[PDB]
């Protein structure tokens, strides 16, 4: 028997501003359904406190997608609209099973391309330095596929305990704070000026696994998004 995330108060504010995509982008449950007790192995309250996401398969997801609050439709904002767009979370990333290679846990996405992904990564070299079992940001600065279109940053090695995140977008600039420490300040987003379809996401989006059955698993102790 699985306990629903909505059975406690902690996540109601974000559930009131999200729909859930599972197991792919086009299959969704509404904010109303989430608030009404949506539950399953993919999305349940673990140990009385964690909004836990689980998903297997290449490019499959169990992921919240930002909505206008209070039964609203899909949100679309812009990096240069003047509003500060802020997402906060506290995440326990447990040990990922063999075959899971990258799990996107927070995003800024849009109708053109992902402006930002925060992901857990098993192993990667960045700017000449090898990192293992760590949290990375990937920012798009163009629409191409080569590495020149991205800025990738080692944010923090994965920790045993909960790790806090804050993503702030204001006036075409991005700041990321992890465990209270700034890890990216003033990253340019101006390529995306005028893109009015941006939105936050969070959960588990399974990227390039080497086994289709390996289940990615991510636990949120807190999640919120706000415009201010």
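Residue numbers count along the first chain shown, from 1.
Note on 69 to 77 vs 100 to 108: mean CA B-factor is higher in 69 to 77. Taking the deposited Cα B-factors for 21, 206, 16, 211, the highest one is held by 211.
In the PDB entry, residue 200 places in the lowest third of its chain by CA B-factor. Split the chain's modelled residues into thirds by C-alpha temperature factor. Residue 26 is in the highest one. Placement of the Cα temperature factor of residue 168 within the chain: middle third of the modelled residues, per the deposited record.
Among all modelled residues in its chain, residue 121 ranks in the lowest third by Cα B-factor. Among the modelled residues of its chain, residue 86 has a C-alpha B-factor that falls in the middle third, as given in the PDB entry.
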